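Undergrad: Can you read through this structure? Questions will come right after.
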Amino acid sequence: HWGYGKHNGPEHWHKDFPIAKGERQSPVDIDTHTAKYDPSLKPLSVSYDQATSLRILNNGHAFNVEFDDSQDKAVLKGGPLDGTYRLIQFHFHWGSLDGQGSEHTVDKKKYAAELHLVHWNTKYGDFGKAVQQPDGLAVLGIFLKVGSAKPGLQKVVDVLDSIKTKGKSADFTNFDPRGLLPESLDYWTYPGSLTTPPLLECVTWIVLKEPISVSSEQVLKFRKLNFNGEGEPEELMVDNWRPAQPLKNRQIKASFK
Ligand SMILES: CC(=O)/N=c1\sc(S(N)(=O)=O)nn1C
Ligand SMILES: [Zn+2]
């Protein structure tokens, strides 16, 4: 099965998922000098005050925090989007070292980790239908850099012990994802794909320009997770990121000048 090790990592995915070599794959490098300011772009509208987190799960590739998405509780609108997108889960990608870990890069700069808030277009009725549509998902990407601790992340960091191996989950209620947002919502946007298999090209990416900072100690706790399941050989969950893919026929737009 696919993963991030040397025999089954990203450069192998195309043998099982040939869309890996598609025209609108993610992530990409954001060249800040060739991105186009588009004043047609609206501000983002993040409405997370009624969010209901349910659970945190180690799925063998990352950990996900899952939300109740059976109603318009936590939604994303505005920006380049049409319609209403519901939050279903968030997860991170991170590195073995502080100089790598993010999926997107900015003028080839890598960050220590990248947060993905995944949302699906309610007009398609459920997540599984949405991933079949070119406008079905909107993923908010936020970079993490190492510096001062992020207090709103510590609830997540503290439970990681209880989901160390693949397939473990824990109740994770009353977590407020607003505590993970930077001060500014300026962004870049481009049409792209999921960054793990099945690599479907159904995502409007919205990548925030301002990183959040987390402490060394917080990211170190990410690095103690396991890709393996309980009882199996320990393989630390690190470097679960996909490298930048060719931009091909796409334009990155910026909401700011
Ligand atoms: C969110 C979900 O159910 N799946 C995902 S989200 C995703 S990501 N990385 O955000 O692009 N990749 N995949 C396969
Ligand atoms: Zn992701």
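No Cβ is skipped: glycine too gets one built from the backbone with ideal geometry, and neighbour counts run over all protein chains shown. Laboratory data are not the source of any read-out in this text; all were calculated from the coordinates shown.
Undergrad: Can you tell me which residue among 241, 205 is within 16 Å of ligand 2 (Cβ to nearest atom) and under 23 Å from residue 57 (Cβ atoms)?
TA: Numbers: 205 fails: under 23 Å from residue 57 (Cβ atoms).
That would be 241, the only listed residue that is within 16 Å of ligand 2 (Cβ to nearest atom) and under 23 Å from residue 57 (Cβ atoms).
Undergrad: Can you go through 73, 129 and tell me which one is among the basic types (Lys, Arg) and within 16 Å of ligand 1 (Cβ to nearest atom)? Steps first, answer last, please.
TA: Values: 73 fails: within 16 Å of ligand 1 (Cβ to nearest atom).
Selected residue: 129, the only one of 73, 129 that is among the basic types (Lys, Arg) and within 16 Å of ligand 1 (Cβ to nearest atom).
Undergrad: Taking the options 185, 194, name whichever one is in a loop (DSSP other than H, G, I, E, B) and within 16 Å of ligand 2 (Cβ to nearest atom). Walk me through how you get there before you give the answer.
TA: Values: 185 fails: within 16 Å of ligand 2 (Cβ to nearest atom).
It is 194.
Undergrad: Can you tell me which residue within segment 164-182, out of those that are of a type in the set (D, E, K, R) and outside any loop (DSSP other than H, G, I, E, B), is farthest from residue 229 (Cα to Cα)?
TA: Quick first cut of segment 164-182, residues of a type in the set (D, E, K, R) only: 164, 166, 168, 171, 176, 178.
Now restrict to residues that are outside any loop (DSSP other than H, G, I, E, B): 171, 178.
Numbers: 171: 19, 178: 31 Å.
Applying the filter and picking the extreme gives 178.
Undergrad: Another one. Tell me, yes or no, whether segment 117-125 has at least one residue that is on the phi < 0 side of the Ramachandran plot and among the small types (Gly, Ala, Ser). Give the derivation first.
TA: At the first step, the residues of segment 117-125 found to be on the phi < 0 side of the Ramachandran plot are 117-124.
Subset that is among the small types (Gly, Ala, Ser): none.
Checking segment 117-125: not a single residue is on the phi < 0 side of the Ramachandran plot and among the small types (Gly, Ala, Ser).
Undergrad: In addition: Can you tell me which condition residue 94 does not meet? The list is (1) within 16 Å of ligand 2 (Cβ to nearest atom); (2) within 24 Å of residue 35 (Cα to Cα), and all the others hold.
TA: (2)
Undergrad: Quick one: which of 138, 170, 130 is surrounded by fewer than 15 Cβ atoms within 10 Å (Cβ to Cβ), touching a residue at least 40 places away in the same chain (Cβ under 8 Å) and of a type in the set (A, V, I, L, M)? Walk me through how you get there before you give the answer.
TA: Numbers: 138 fails: surrounded by fewer than 15 Cβ atoms within 10 Å (Cβ to Cβ); 130 fails: surrounded by fewer than 15 Cβ atoms within 10 Å (Cβ to Cβ).
Just a single option satisfies the conditions, and that option is 170.
Undergrad: Consider residue 148 carefully, then state whether it is more than 16 Å from ligand 2 (Cβ to nearest atom), in a loop (DSSP other than H, G, I, E, B), under 19 Å from the mean Cα position of the chain (by Cα) and surrounded by fewer than 16 Cβ atoms within 10 Å (Cβ to Cβ).
TA: no
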